[PDB]
């Protein structure tokens, strides 16, 4: 066993080793290992992506116009965000500017995804870490109604409703077919909600499972389908026709009316169901404002997103702020440049890839994706990993750094960047939220904070949907219908050699695609995705990524039941297919 110091942590692989493989209630494949000391506190944490597909390799030789459709399949959870980053990257390379309606519709696609991804994550992925579903069977339906009505105006709160939900759960459990609830952590001492809050949360789990299907009808209107809507280089394919013959073949007033109906219902659900439930989880789990801080008080990163000025990716355009903080210095939010070779670099000395020199980091325009499964001694075999060897290569995830710093990305990172850049709406919302919980601002830099920031973002994105829809309708009132630029559609119009960056804030954090075009085909396509940052393995200095840092120093009540590990990992919304691509 060894010990070393990094980023304020003592990384010590003495003591009992715990393995959690598979991690469930995530997208894709992850393994986690920790060591715990004699006080059952984590002194070592190991993040491992256990899948790889090789989209960067598959993209070589494709037509740049097709790339969006391939890279969209990096992930079906954050469906659409890779298509958006792709069309941005190809347009940046060739020099294409899209019409305003295409930009607005792209922003609608991205805000829709934020609402949908954040809502499903809150309930279906993270919720059962916080809600003891089986404890809901002990609740009093009238006290459940009283609790819900004290927290929200939401209509669905009758005692009979909560009794009916409870009875449906009772009949489900009674025959012993517990399905997704089998062999859960129910009754663990870290479950702190009262029975009435568990029944309220479980009822909302079911309401959100139903309602989430409606949100993506917006993607169906503009993008044909969800999951995996369609896009084009040059704008969007959803031609508009409001008042001419043949509007039945296009986005017409009836289609737009459908979109408006979904926006309203989406805001109503997030504002009156998810927001109050997030605040209730905070009220009953305040100690988790001090657990899983990790890198969130050290190093956070946003590229920014939602350009409101078409084809302008600058600070005055992006509605979601970009910037970086390092060394815990929130008074100096630094500018990010995705072309600067000294800024974003990926290391592979602890990952299953070959570089000519594994001690240096490669900017994505110099990126290499040459898979090399080499686990070293794992106390088993190459096909039987009993213990990863975190001293050598231990993951399919590359290790991104920013100016050599290990960063956290995602809702909490973005909230801290916007707050410290002095975004008025963010400062007011964050101060009011932490005031409501009677916690200090520092309480947001935590596993609880990640959950609260995600709910706040769903509300922000539901508001921005209406803003973008109204912008589209204003253009249509002014006779501006254009949805595609085709001046540079044909490959004969492109530069023989060019390169471009497409960037955005996916629901999980900062996303970039780096593309080089030569002779009409993709010569290089490198992706660095939010979970690549967060779930990163170590680098040549031994620096730990966001997940490993957030797990460090965590108390476990019952080593064999990894509820605290799951709470913190799930708070980042791990997307392992994204992370590995």
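Residue numbers count along the first chain shown, from 1.
In this crystal structure, the stretch out of 111-119 and 324-332 whose C-alpha atoms carry the higher mean B factor is 324-332. The deposited model assigns a higher average Cα B-factor to 376-384 than to the other stretch when 376-384 and 480-488 are compared. Highest CA B-factor among the listed residues (301, 247, 173, 84): 173. Within the listed group 433, 275, 206, 344, the record reports its top CA B-factor for 433. Per-chain ranking of the deposited C-alpha B factor places residue 60 in the middle third. In the PDB entry, residue 540 places in the highest third of its chain by CA B-factor.
In the deposited entry, the Cα temperature factor of residue 354 places it in the middle third of its chain's modelled residues.
In the deposited entry, the Cα temperature factor of residue 567 places it in the middle third of its chain's modelled residues.
Sort the modelled residues of the chain by CA B factor and residue 181 lands in the middle third.
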